[PDB]
>>> print(open('start07.csv').read())   # CSV, C-alpha atoms
chain,number,residue,atom,x,y,z
I,1,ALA,CA,28.0,84.9,190.3
I,2,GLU,CA,25.6,85.5,187.4
I,3,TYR,CA,25.1,81.8,187.0
I,4,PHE,CA,24.3,81.5,190.7
I,5,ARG,CA,22.1,84.5,190.8
I,6,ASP,CA,20.2,83.6,187.7
I,7,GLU,CA,20.3,80.0,186.8
I,8,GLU,CA,20.7,78.5,190.3
I,9,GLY,CA,18.4,81.2,191.4
I,10,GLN,CA,20.0,81.3,194.8
I,11,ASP,CA,21.2,84.3,196.7
I,12,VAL,CA,25.0,84.9,196.6
I,13,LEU,CA,27.4,86.9,198.7
I,14,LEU,CA,30.1,87.9,196.3
I,15,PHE,CA,33.5,89.1,197.5
I,16,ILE,CA,36.2,90.6,195.3
I,17,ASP,CA,39.6,91.7,196.5
I,18,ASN,CA,41.4,94.2,196.0
I,19,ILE,CA,39.6,96.3,193.3
I,20,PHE,CA,42.3,98.9,193.1
I,21,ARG,CA,44.2,96.1,191.5
I,22,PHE,CA,41.4,95.9,189.0
I,23,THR,CA,41.7,99.7,188.3
I,24,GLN,CA,45.4,99.5,188.2
I,25,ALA,CA,45.5,96.6,185.8
I,26,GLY,CA,43.2,98.3,183.4
I,27,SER,CA,45.3,101.4,183.5
I,28,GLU,CA,48.3,99.5,182.5
I,29,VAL,CA,46.8,97.8,179.5
I,30,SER,CA,45.2,101.0,178.5
I,31,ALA,CA,48.7,102.4,178.0
I,32,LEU,CA,49.6,99.4,176.1
I,33,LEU,CA,46.4,99.8,174.0
I,34,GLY,CA,47.9,103.1,173.0
I,35,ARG,CA,45.3,105.3,174.5
I,36,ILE,CA,46.5,108.7,175.6
I,37,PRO,CA,46.8,108.3,179.4
I,38,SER,CA,44.1,110.1,181.4
I,39,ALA,CA,44.4,111.9,184.7
I,40,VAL,CA,46.9,110.5,187.2
I,41,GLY,CA,47.7,108.0,184.5
I,42,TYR,CA,44.4,106.2,184.8
I,43,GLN,CA,42.7,104.7,181.8
I,44,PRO,CA,40.4,107.2,180.0
I,45,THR,CA,37.8,104.4,180.0
I,46,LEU,CA,38.0,104.0,183.8
I,47,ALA,CA,34.6,105.3,184.5
I,48,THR,CA,32.8,103.0,182.0
I,49,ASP,CA,34.9,100.0,182.9
I,50,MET,CA,34.2,100.4,186.6
I,51,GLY,CA,30.6,101.0,185.6
I,52,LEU,CA,30.4,97.7,183.7
I,53,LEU,CA,31.6,95.8,186.7
I,54,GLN,CA,29.4,97.5,189.2
I,55,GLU,CA,26.3,97.6,187.0
I,56,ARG,CA,26.6,93.9,186.2
I,57,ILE,CA,26.4,93.2,190.0
I,58,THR,CA,22.9,93.9,191.1
I,59,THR,CA,19.9,92.3,192.8
I,60,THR,CA,17.5,91.4,190.0
I,61,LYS,CA,14.2,89.7,190.3
I,62,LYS,CA,16.2,86.5,189.5
I,63,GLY,CA,18.5,86.7,192.5
I,64,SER,CA,20.4,88.8,194.9
I,65,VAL,CA,24.1,89.1,195.2
I,66,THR,CA,25.7,90.8,198.1
I,67,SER,CA,29.1,92.0,197.0
I,68,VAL,CA,31.7,93.1,199.4
I,69,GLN,CA,34.5,94.7,197.4
I,70,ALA,CA,37.9,95.6,198.9
I,71,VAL,CA,39.5,98.8,197.7
I,72,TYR,CA,43.0,100.0,198.4
I,73,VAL,CA,43.2,103.7,198.6
I,74,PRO,CA,46.7,104.6,197.3
I,75,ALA,CA,48.6,106.4,200.1
I,76,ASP,CA,45.2,106.8,201.9
I,77,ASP,CA,44.2,109.7,199.6
I,78,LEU,CA,40.6,109.1,198.7
I,79,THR,CA,40.9,112.2,196.5
I,80,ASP,CA,43.0,110.0,194.2
I,81,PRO,CA,40.8,109.4,191.1
I,82,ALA,CA,40.8,105.6,191.4
I,83,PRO,CA,39.2,105.4,194.8
I,84,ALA,CA,37.1,108.4,194.1
I,85,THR,CA,35.5,106.9,191.0
I,86,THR,CA,34.8,103.7,193.0
I,87,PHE,CA,33.5,105.7,195.9
I,88,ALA,CA,30.4,106.7,194.1
I,89,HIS,CA,29.7,103.4,192.6
I,90,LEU,CA,29.5,101.4,195.9
I,91,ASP,CA,26.3,101.4,198.0
I,92,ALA,CA,27.6,101.0,201.6
I,93,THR,CA,31.0,102.6,202.1
I,94,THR,CA,33.1,101.8,205.0
I,95,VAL,CA,36.5,103.4,205.6
I,96,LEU,CA,39.2,101.7,207.5
I,97,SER,CA,41.7,104.3,208.6
I,98,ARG,CA,45.4,104.2,209.6
I,99,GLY,CA,44.8,106.4,212.6
I,100,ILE,CA,42.2,104.1,214.2
I,101,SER,CA,44.4,101.1,213.5
I,102,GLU,CA,47.3,103.0,215.2
I,103,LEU,CA,45.0,103.8,218.2
I,104,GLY,CA,45.1,100.0,218.6
I,105,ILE,CA,41.5,99.8,217.8
I,106,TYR,CA,40.9,96.8,215.6
I,107,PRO,CA,38.3,97.1,213.7
I,108,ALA,CA,40.1,100.0,212.0
I,109,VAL,CA,36.8,101.4,210.9
I,110,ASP,CA,36.7,105.3,210.9
I,111,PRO,CA,33.5,105.9,212.8
I,112,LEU,CA,32.8,109.4,211.5
I,113,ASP,CA,33.7,108.4,208.0
I,114,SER,CA,31.3,105.5,207.5
I,115,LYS,CA,28.2,106.1,205.5
I,116,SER,CA,25.7,103.6,204.4
I,117,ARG,CA,22.7,104.0,202.1
I,118,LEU,CA,20.6,102.2,204.6
I,119,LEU,CA,21.1,104.2,207.7
I,120,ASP,CA,17.9,106.2,207.2
I,121,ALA,CA,15.8,106.5,210.3
I,122,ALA,CA,12.8,104.6,209.1
I,123,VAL,CA,14.9,101.9,207.6
I,124,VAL,CA,17.0,101.0,210.6
I,125,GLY,CA,14.2,101.9,213.0
I,126,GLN,CA,13.9,105.2,215.0
I,127,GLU,CA,15.6,103.8,218.1
I,128,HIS,CA,18.7,102.6,216.2
I,129,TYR,CA,18.8,105.9,214.4
I,130,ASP,CA,18.6,108.0,217.5
I,131,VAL,CA,21.2,106.0,219.4
I,132,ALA,CA,23.6,106.2,216.4
I,133,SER,CA,22.9,109.9,216.0
I,134,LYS,CA,23.9,110.5,219.6
I,135,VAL,CA,27.1,108.5,219.0
I,136,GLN,CA,28.0,110.5,215.9
I,137,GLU,CA,27.6,113.8,217.7
I,138,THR,CA,29.5,112.7,220.7
I,139,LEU,CA,32.5,111.5,218.7
I,140,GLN,CA,32.5,114.5,216.4
I,141,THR,CA,32.5,116.7,219.5
I,142,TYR,CA,35.4,114.7,220.8
I,143,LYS,CA,37.4,115.3,217.7
I,144,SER,CA,36.6,119.0,217.6
I,145,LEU,CA,37.6,119.3,221.2
I,146,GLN,CA,40.7,117.2,220.6
I,147,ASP,CA,42.7,120.2,219.3
I,148,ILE,CA,41.6,122.2,222.2
I,149,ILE,CA,42.7,119.5,224.7
I,150,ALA,CA,46.0,119.4,222.7
I,151,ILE,CA,47.0,122.9,223.4
I,152,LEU,CA,44.8,124.3,226.1
I,153,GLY,CA,44.5,121.1,228.0
I,154,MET,CA,41.3,119.4,229.2
I,155,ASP,CA,41.0,121.7,232.2
I,156,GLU,CA,39.8,124.7,230.1
I,157,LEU,CA,36.8,122.8,228.7
I,158,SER,CA,33.2,123.0,229.9
I,159,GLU,CA,32.0,120.7,232.7
I,160,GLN,CA,29.5,119.2,230.2
I,161,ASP,CA,32.3,118.9,227.7
I,162,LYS,CA,34.6,117.1,230.1
I,163,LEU,CA,31.9,114.5,230.7
I,164,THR,CA,31.3,114.3,227.0
I,165,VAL,CA,35.1,113.7,226.5
I,166,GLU,CA,35.1,111.0,229.1
I,167,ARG,CA,32.2,109.3,227.5
I,168,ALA,CA,33.9,109.6,224.1
I,169,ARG,CA,37.0,107.9,225.2
I,170,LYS,CA,34.9,105.1,226.6
I,171,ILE,CA,32.9,104.9,223.5
I,172,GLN,CA,36.1,105.0,221.4
I,173,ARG,CA,37.3,101.8,223.0
I,174,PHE,CA,33.7,100.4,223.2
I,175,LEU,CA,34.0,100.1,219.4
I,176,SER,CA,36.8,97.6,219.9
I,177,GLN,CA,35.8,94.0,219.4
I,178,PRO,CA,38.2,91.1,218.9
I,179,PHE,CA,37.8,89.2,215.7
I,180,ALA,CA,37.2,85.5,215.4
I,181,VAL,CA,39.9,85.4,212.7
I,182,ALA,CA,42.2,87.1,215.1
I,183,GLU,CA,42.3,84.2,217.4
I,184,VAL,CA,45.5,83.8,215.5
I,185,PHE,CA,46.4,87.5,215.2
I,186,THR,CA,45.7,88.4,218.8
I,187,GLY,CA,44.5,85.1,220.2
I,188,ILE,CA,41.5,86.7,221.9
I,189,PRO,CA,38.2,84.9,221.4
I,190,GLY,CA,36.0,86.5,218.7
I,191,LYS,CA,32.6,87.9,219.4
I,192,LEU,CA,29.3,88.1,217.4
I,193,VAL,CA,27.0,90.7,219.1
I,194,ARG,CA,23.3,90.7,218.2
I,195,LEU,CA,22.1,93.8,216.5
I,196,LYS,CA,19.5,94.6,219.0
I,197,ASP,CA,21.9,93.9,221.8
I,198,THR,CA,24.4,96.4,220.4
I,199,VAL,CA,21.7,99.1,220.1
I,200,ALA,CA,20.8,98.5,223.7
I,201,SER,CA,24.4,98.4,225.0
I,202,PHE,CA,25.4,101.6,223.2
I,203,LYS,CA,22.3,103.2,224.6
I,204,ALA,CA,23.3,102.5,228.1
I,205,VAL,CA,26.8,104.0,227.6
I,206,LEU,CA,25.3,107.2,226.1
I,207,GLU,CA,22.9,107.5,229.0
I,208,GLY,CA,26.0,107.2,231.2
I,209,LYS,CA,24.8,104.2,233.0
I,210,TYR,CA,28.4,103.0,232.8
I,211,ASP,CA,30.2,106.2,233.7
I,212,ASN,CA,31.5,104.3,236.8
I,213,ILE,CA,33.4,102.0,234.4
I,214,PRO,CA,37.1,102.7,233.5
I,215,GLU,CA,38.1,103.1,229.9
I,216,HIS,CA,40.1,99.9,229.5
I,217,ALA,CA,37.0,97.9,230.6
I,218,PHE,CA,35.5,98.9,227.3
I,219,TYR,CA,38.5,97.8,225.3
I,220,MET,CA,38.0,94.6,223.2
I,221,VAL,CA,34.7,93.7,224.9
I,222,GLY,CA,31.5,92.4,223.4
I,223,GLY,CA,28.0,93.3,224.7
I,224,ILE,CA,26.8,95.1,227.8
I,225,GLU,CA,27.5,91.9,229.9
I,226,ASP,CA,31.1,92.0,228.8
I,227,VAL,CA,31.6,95.7,229.6
I,228,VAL,CA,30.5,94.9,233.1
I,229,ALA,CA,32.5,91.7,233.4
I,230,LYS,CA,35.7,93.2,232.2
I,231,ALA,CA,35.2,96.0,234.6
I,232,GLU,CA,34.9,93.6,237.5
I,233,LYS,CA,38.0,91.7,236.3
I,234,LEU,CA,40.0,94.9,236.0
I,235,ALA,CA,38.8,96.1,239.4
I,236,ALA,CA,40.5,93.1,240.9
G,1,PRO,CA,3.9,117.7,176.8
G,2,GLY,CA,3.5,113.9,177.1
G,3,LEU,CA,6.9,113.1,178.5
G,4,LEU,CA,5.5,113.6,182.0
G,5,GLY,CA,5.6,110.4,183.9
G,6,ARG,CA,8.2,108.8,181.6
G,7,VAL,CA,11.6,107.6,182.7
G,8,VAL,CA,13.3,107.5,179.4
G,9,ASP,CA,16.8,106.8,178.4
G,10,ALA,CA,18.9,109.3,176.5
G,11,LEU,CA,17.8,107.9,173.1
G,12,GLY,CA,14.2,108.7,174.1
G,13,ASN,CA,13.0,105.1,174.6
G,14,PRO,CA,11.1,104.6,177.8
G,15,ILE,CA,13.2,102.5,180.1
G,16,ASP,CA,10.3,102.2,182.5
G,17,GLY,CA,8.5,100.8,179.5
G,18,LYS,CA,5.5,103.1,179.8
G,19,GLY,CA,5.0,102.6,176.1
G,20,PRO,CA,5.6,104.9,173.1
G,21,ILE,CA,6.4,108.5,174.0
G,22,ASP,CA,3.7,111.1,173.6
G,23,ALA,CA,5.5,114.0,172.2
G,24,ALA,CA,4.7,116.8,169.8
G,25,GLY,CA,8.0,117.2,168.2
G,26,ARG,CA,11.5,115.8,167.9
G,27,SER,CA,13.9,118.7,168.4
G,28,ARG,CA,17.6,118.9,167.9
G,29,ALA,CA,19.8,118.9,171.0
G,30,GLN,CA,22.3,121.3,169.4
G,31,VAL,CA,19.8,124.1,169.8
G,32,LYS,CA,21.2,127.4,170.9
G,33,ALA,CA,20.6,129.7,173.9
G,34,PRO,CA,17.9,132.4,174.1
G,35,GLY,CA,19.1,135.9,172.9
G,36,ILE,CA,19.7,139.0,174.9
G,37,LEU,CA,16.4,140.5,173.9
G,38,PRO,CA,14.5,137.3,174.5
G,39,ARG,CA,15.3,137.4,178.2
G,40,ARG,CA,13.5,139.1,181.1
G,41,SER,CA,14.7,139.8,184.6
G,42,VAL,CA,14.0,137.0,187.2
G,43,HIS,CA,11.5,137.9,189.8
G,44,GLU,CA,9.0,135.0,189.9
G,45,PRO,CA,9.6,133.2,193.2
G,46,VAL,CA,10.0,129.5,193.5
G,47,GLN,CA,10.1,127.8,196.9
G,48,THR,CA,12.1,124.7,197.4
G,49,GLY,CA,10.5,123.9,200.8
G,50,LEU,CA,13.9,124.1,202.5
G,51,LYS,CA,13.9,126.8,205.1
G,52,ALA,CA,17.5,127.7,204.7
G,53,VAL,CA,17.4,127.7,200.9
G,54,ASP,CA,14.3,129.8,200.7
G,55,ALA,CA,15.5,132.4,203.1
G,56,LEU,CA,19.3,132.4,203.0
G,57,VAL,CA,19.6,131.9,199.2
G,58,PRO,CA,16.2,132.6,197.7
G,59,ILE,CA,15.7,131.0,194.2
G,60,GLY,CA,13.6,132.4,191.4
G,61,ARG,CA,12.5,130.9,188.1
G,62,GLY,CA,14.9,130.8,185.2
G,63,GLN,CA,17.7,130.9,187.7
G,64,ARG,CA,20.9,128.8,187.4
G,65,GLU,CA,22.2,128.5,190.9
G,66,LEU,CA,24.9,125.8,191.5
G,67,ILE,CA,24.7,123.0,194.0
G,68,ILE,CA,28.4,122.4,194.4
G,69,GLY,CA,29.3,120.2,197.3
G,70,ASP,CA,31.2,117.3,198.9
G,71,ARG,CA,31.2,113.8,197.5
G,72,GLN,CA,28.4,111.4,198.2
G,73,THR,CA,26.8,113.4,201.0
G,74,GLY,CA,23.5,112.4,199.4
G,75,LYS,CA,24.0,115.4,197.3
G,76,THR,CA,21.1,114.2,195.3
G,77,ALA,CA,19.0,114.1,198.4
G,78,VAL,CA,19.2,117.9,198.9
G,79,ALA,CA,18.3,118.3,195.3
G,80,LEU,CA,15.5,115.8,195.4
G,81,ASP,CA,13.8,117.7,198.2
G,82,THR,CA,13.3,120.7,195.9
G,83,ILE,CA,11.4,118.4,193.5
G,84,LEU,CA,9.2,117.2,196.3
G,85,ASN,CA,8.1,120.6,197.4
G,86,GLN,CA,7.0,121.4,193.9
G,87,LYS,CA,4.2,119.0,194.6
G,88,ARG,CA,2.4,121.7,196.6
G,89,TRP,CA,2.4,124.3,193.9
G,90,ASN,CA,2.1,121.7,191.1
G,91,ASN,CA,-1.1,120.1,192.5
G,92,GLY,CA,-2.8,123.5,191.8
G,93,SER,CA,-4.3,124.4,188.4
G,94,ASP,CA,-2.6,127.8,188.1
G,95,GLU,CA,-0.1,127.4,185.4
G,96,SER,CA,2.1,130.1,186.9
G,97,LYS,CA,2.5,127.7,189.8
G,98,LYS,CA,3.1,124.5,187.8
G,99,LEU,CA,6.8,123.6,187.6
G,100,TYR,CA,7.1,120.5,185.5
G,101,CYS,CA,10.3,119.1,186.9
G,102,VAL,CA,13.0,117.2,184.9
O,1,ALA,CA,52.2,115.3,199.1
O,2,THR,CA,53.8,118.6,198.6
O,3,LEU,CA,50.3,119.8,198.0
O,4,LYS,CA,48.6,118.1,200.8
O,5,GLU,CA,51.4,118.4,203.3
O,6,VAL,CA,51.5,122.1,202.7
O,7,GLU,CA,47.7,122.2,203.0
O,8,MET,CA,47.4,120.2,206.2
O,9,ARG,CA,50.3,122.2,207.8
O,10,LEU,CA,48.7,125.5,206.7
O,11,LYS,CA,45.4,124.3,208.2
O,12,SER,CA,47.3,123.5,211.5
O,13,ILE,CA,48.7,127.1,211.4
O,14,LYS,CA,45.3,128.5,210.7
O,15,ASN,CA,43.8,126.6,213.6
O,16,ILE,CA,46.6,127.7,215.9
O,17,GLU,CA,45.9,131.3,214.8
O,18,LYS,CA,42.3,130.8,215.7
O,19,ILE,CA,43.2,129.4,219.1
O,20,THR,CA,45.7,132.2,219.9
O,21,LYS,CA,43.1,134.7,218.8
O,22,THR,CA,40.4,133.1,221.0
O,23,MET,CA,42.7,133.0,224.1
O,24,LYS,CA,43.8,136.6,223.7
O,25,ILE,CA,40.1,137.8,223.7
O,26,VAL,CA,39.1,135.5,226.6
O,27,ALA,CA,42.2,136.7,228.4
O,28,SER,CA,41.0,140.3,228.1
O,29,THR,CA,37.6,139.3,229.7
O,30,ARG,CA,39.3,137.4,232.5
O,31,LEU,CA,41.8,140.2,233.0
O,32,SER,CA,39.0,142.7,233.8
O,33,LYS,CA,37.9,140.7,236.8
O,34,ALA,CA,41.5,140.3,237.9
O,35,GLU,CA,42.3,144.0,237.8
O,36,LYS,CA,39.2,144.8,239.9
O,37,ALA,CA,40.2,142.4,242.5
O,38,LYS,CA,43.8,143.8,242.6
O,39,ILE,CA,42.6,147.3,243.4
O,40,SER,CA,40.4,146.2,246.4
O,41,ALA,CA,43.2,144.0,247.7
O,42,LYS,CA,45.8,146.7,247.5
O,43,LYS,CA,43.5,149.1,249.3
O,44,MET,CA,43.1,146.6,252.1
O,45,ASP,CA,46.8,146.1,252.2
O,46,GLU,CA,47.4,149.8,252.6
O,47,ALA,CA,45.6,149.8,255.9
O,48,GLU,CA,47.9,147.1,257.4
O,49,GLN,CA,50.9,149.0,256.0
O,50,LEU,CA,49.6,152.1,257.8
O,51,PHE,CA,50.3,150.4,261.1
O,52,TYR,CA,53.7,149.0,260.1
O,53,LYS,CA,55.0,152.3,258.7
O,54,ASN,CA,53.8,154.4,261.5
O,55,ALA,CA,55.1,151.8,264.0
O,56,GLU,CA,58.5,151.9,262.4
>>> encode(input="start07.csv", output="structure tokens")
Amino acid sequence: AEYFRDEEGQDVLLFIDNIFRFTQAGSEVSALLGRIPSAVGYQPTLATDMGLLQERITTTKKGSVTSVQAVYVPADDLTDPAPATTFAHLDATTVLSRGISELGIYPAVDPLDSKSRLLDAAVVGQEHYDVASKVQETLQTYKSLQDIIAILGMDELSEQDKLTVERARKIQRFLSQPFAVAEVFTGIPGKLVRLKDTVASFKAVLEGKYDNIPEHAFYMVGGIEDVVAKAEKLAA
Amino acid sequence: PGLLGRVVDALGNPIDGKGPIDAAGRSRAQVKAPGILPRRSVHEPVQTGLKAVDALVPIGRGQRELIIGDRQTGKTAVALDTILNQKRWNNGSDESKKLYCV
Amino acid sequence: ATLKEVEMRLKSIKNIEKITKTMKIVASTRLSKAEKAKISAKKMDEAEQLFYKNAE
């Protein structure tokens, strides 16, 4: 990658997989190197070693490298030191959670646990920001109310809350998109949805201009056109 | 005094390359804390420009209040805001109101 | 783990406590309206019973 970045002077798009294996590997040979094991058996040089890898990857004047690094979070405990050390070092975190996968939502991305450096209102544009801010509040509300729905039921919630819950369930399955590489896994044609188009389509939903659409007509759709089309299909 | 506007590495070399450091001493880093008698009670305000911080947990000068919080919540952003507000007081010529941030 | 499974379960119990607390208070509020109604209703009933009793 350095050769590409520097000498060929081109942009790159690095990918490394799975970087927990990188941590783990170093931990093992640390032990063999005779160093007194550090916390949760990780190498005592973990920080600097991770640091050397990450620091080496950067966008210089010479080139630009867009790394995407997979990380395996052992037993989905991000509090474990190996993910936690990596967690700081990476610019644009994305968490893929067991629960969301289990909900049958593929991507498995955890919506309220996805933070990116560039997400700032100016950077992504005010409209993008505002739309996404509304999504975040709605989903977070849905989660807070989820416990209440669990014991009390949905009938004891506010009228406003009940509409918010209904939108949240719709939004939850509006996230679903079938992958192009899961024309093998699910055999459902993949979708590439333009950024502007997504902002617009989510805006409509939030405005409730599709509160006459059933929940399953948001499942594994694409754009706005698709939400409507799958509603018509289901209606039959 | 002259380390203002210098991004320097730990050694002391400018890593922003703003040339040789203007400095009036080189001092040991193993230097000790100021004695019981050399302290005075804190009472001089400092305003961080954050409404909640300034009212709910007011901060004074020479204070050592922790900022302990959840991982990568742009923890540094909350802190950085304090530095920015110091521009208002700093711009002024009253040396009581000049906080030279590090 | 032990540690986390304890903690999540304890959190559940805490949340449950909070909900049962909330309900109990709200129940008291709701109860006040209920009791008021029951008085008025019972008074109304007594008039009908006045006929039935006296009638045999």
>>> interface_residues(input="start07.csv", of="chain I", to="chain G", cutoff="9 Å", atoms="all atoms listed in the file", output="VMD selection string")
chain I and resid 84 87 to 88 115 117
>>> atom_distance(input="start07.csv", atom1="CA of residue 20 in chain I", atom2="CA of residue 48 in chain I")
15.2 Å
>>> interface_residues(input="start07.csv", of="chain I", to="chain O", cutoff="9 Å", atoms="all atoms listed in the file", output="list in words")
residues 147, 148, 151 and 152 of chain I
>>> residues_around(input="start07.csv", residues="range 102-108 of chain I", least_positions_apart="5", cutoff="6 Å", atoms="all atoms listed in the file", output="PyMOL selection string")
chain I and resi 96-97+176
>>> write_last_selection(input="start07.csv", atoms="C-alpha atoms", output="PDB file, in the frame of the given file")
ATOM      1  CA  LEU I  96      39.200 101.700 207.500  1.00  0.00           C
ATOM      2  CA  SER I  97      41.700 104.300 208.600  1.00  0.00           C
ATOM      3  CA  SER I 176      36.800  97.600 219.900  1.00  0.00           C
TER       4      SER I 176
END
>>> residues_around(input="start07.csv", residues="residue 16 in chain G", least_positions_apart="5", cutoff="10 Å", atoms="all atoms listed in the file", output="ChimeraX atom specification")
/G:5-9
>>> atom_distance(input="start07.csv", atom1="CA of residue 38 in chain O", atom2="CA of residue 157 in chain I")
26.1 Å
>>> residues_around(input="start07.csv", residues="residue 102 in chain G", least_positions_apart="3", cutoff="10 Å", atoms="all atoms listed in the file", output="ChimeraX atom specification")
/G:3-4,7,83,99
>>> atom_distance(input="start07.csv", atom1="CA of residue 2 in chain O", atom2="CA of residue 100 in chain I")
24.3 Å
>>> residues_near_point(input="start07.csv", point="(11.3, 125.6, 198.4)", cutoff="9 Å", atoms="only C-alpha atoms", output="PDB file with C-alpha atoms, keeping the file's coordinate frame")
ATOM      1  CA  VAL G  46      10.000 129.500 193.500  1.00  0.00           C
ATOM      2  CA  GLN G  47      10.100 127.800 196.900  1.00  0.00           C
ATOM      3  CA  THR G  48      12.100 124.700 197.400  1.00  0.00           C
ATOM      4  CA  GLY G  49      10.500 123.900 200.800  1.00  0.00           C
ATOM      5  CA  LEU G  50      13.900 124.100 202.500  1.00  0.00           C
ATOM      6  CA  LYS G  51      13.900 126.800 205.100  1.00  0.00           C
ATOM      7  CA  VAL G  53      17.400 127.700 200.900  1.00  0.00           C
ATOM      8  CA  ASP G  54      14.300 129.800 200.700  1.00  0.00           C
ATOM      9  CA  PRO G  58      16.200 132.600 197.700  1.00  0.00           C
ATOM     10  CA  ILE G  59      15.700 131.000 194.200  1.00  0.00           C
ATOM     11  CA  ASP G  81      13.800 117.700 198.200  1.00  0.00           C
ATOM     12  CA  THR G  82      13.300 120.700 195.900  1.00  0.00           C
ATOM     13  CA  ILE G  83      11.400 118.400 193.500  1.00  0.00           C
ATOM     14  CA  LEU G  84       9.200 117.200 196.300  1.00  0.00           C
ATOM     15  CA  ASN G  85       8.100 120.600 197.400  1.00  0.00           C
ATOM     16  CA  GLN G  86       7.000 121.400 193.900  1.00  0.00           C
TER      17      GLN G  86
END
>>> residues_around(input="start07.csv", residues="residue 27 in chain I", least_positions_apart="3", cutoff="7 Å", atoms="all atoms listed in the file", output="list in words")
residues 23, 24, 30, 31, 42 and 43 of chain I
>>> residues_around(input="start07.csv", residues="range 27-40 of chain G", least_positions_apart="3", cutoff="10 Å", atoms="all atoms listed in the file", output="list in words")
residues 24, 43 and 62 of chain G
>>> decode(input="start07.csv", residues="range 7-54 of chain O", atoms="C-alpha atoms", output="PDB file, in the first residue's frame")
ATOM      1  CA  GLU O   7     -24.634  -6.826  35.940  1.00  0.00           C
ATOM      2  CA  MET O   8     -27.148  -7.061  33.105  1.00  0.00           C
ATOM      3  CA  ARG O   9     -29.489  -9.123  35.250  1.00  0.00           C
ATOM      4  CA  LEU O  10     -29.142  -6.639  38.105  1.00  0.00           C
ATOM      5  CA  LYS O  11     -29.881  -3.851  35.640  1.00  0.00           C
ATOM      6  CA  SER O  12     -33.008  -5.705  34.557  1.00  0.00           C
ATOM      7  CA  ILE O  13     -34.099  -6.012  38.202  1.00  0.00           C
ATOM      8  CA  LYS O  14     -33.376  -2.315  38.732  1.00  0.00           C
ATOM      9  CA  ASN O  15     -35.445  -1.345  35.694  1.00  0.00           C
ATOM     10  CA  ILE O  16     -38.232  -3.642  36.878  1.00  0.00           C
ATOM     11  CA  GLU O  17     -38.125  -1.916  40.286  1.00  0.00           C
ATOM     12  CA  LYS O  18     -38.382   1.434  38.555  1.00  0.00           C
ATOM     13  CA  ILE O  19     -41.371   0.285  36.498  1.00  0.00           C
ATOM     14  CA  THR O  20     -43.181  -1.211  39.506  1.00  0.00           C
ATOM     15  CA  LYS O  21     -42.527   2.001  41.413  1.00  0.00           C
ATOM     16  CA  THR O  22     -43.860   4.078  38.531  1.00  0.00           C
ATOM     17  CA  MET O  23     -46.991   1.996  38.196  1.00  0.00           C
ATOM     18  CA  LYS O  24     -47.714   2.102  41.934  1.00  0.00           C
ATOM     19  CA  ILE O  25     -47.616   5.917  41.981  1.00  0.00           C
ATOM     20  CA  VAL O  26     -49.649   6.292  38.774  1.00  0.00           C
ATOM     21  CA  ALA O  27     -52.119   3.778  40.194  1.00  0.00           C
ATOM     22  CA  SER O  28     -52.631   6.025  43.222  1.00  0.00           C
ATOM     23  CA  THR O  29     -53.408   8.984  40.929  1.00  0.00           C
ATOM     24  CA  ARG O  30     -55.822   6.980  38.791  1.00  0.00           C
ATOM     25  CA  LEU O  31     -57.372   5.469  41.920  1.00  0.00           C
ATOM     26  CA  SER O  32     -58.422   8.879  43.196  1.00  0.00           C
ATOM     27  CA  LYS O  33     -60.672   9.460  40.164  1.00  0.00           C
ATOM     28  CA  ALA O  34     -62.037   5.937  40.468  1.00  0.00           C
ATOM     29  CA  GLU O  35     -63.068   6.355  44.120  1.00  0.00           C
ATOM     30  CA  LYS O  36     -64.838   9.625  43.415  1.00  0.00           C
ATOM     31  CA  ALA O  37     -66.878   7.953  40.695  1.00  0.00           C
ATOM     32  CA  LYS O  38     -67.777   5.000  42.915  1.00  0.00           C
ATOM     33  CA  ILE O  39     -69.326   7.270  45.565  1.00  0.00           C
ATOM     34  CA  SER O  40     -71.551   9.092  43.075  1.00  0.00           C
ATOM     35  CA  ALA O  41     -72.616   5.854  41.435  1.00  0.00           C
ATOM     36  CA  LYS O  42     -73.431   4.200  44.758  1.00  0.00           C
ATOM     37  CA  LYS O  43     -75.577   7.165  45.775  1.00  0.00           C
ATOM     38  CA  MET O  44     -77.491   6.921  42.498  1.00  0.00           C
ATOM     39  CA  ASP O  45     -77.959   3.179  43.103  1.00  0.00           C
ATOM     40  CA  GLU O  46     -79.392   3.782  46.567  1.00  0.00           C
ATOM     41  CA  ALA O  47     -82.329   5.658  45.053  1.00  0.00           C
ATOM     42  CA  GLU O  48     -83.264   2.659  42.853  1.00  0.00           C
ATOM     43  CA  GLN O  49     -82.874   0.317  45.790  1.00  0.00           C
ATOM     44  CA  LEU O  50     -85.188   2.624  47.751  1.00  0.00           C
ATOM     45  CA  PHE O  51     -87.946   1.584  45.370  1.00  0.00           C
ATOM     46  CA  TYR O  52     -87.050  -2.109  45.380  1.00  0.00           C
ATOM     47  CA  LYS O  53     -86.776  -2.430  49.138  1.00  0.00           C
ATOM     48  CA  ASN O  54     -89.942  -0.549  49.918  1.00  0.00           C
TER      49      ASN O  54
END
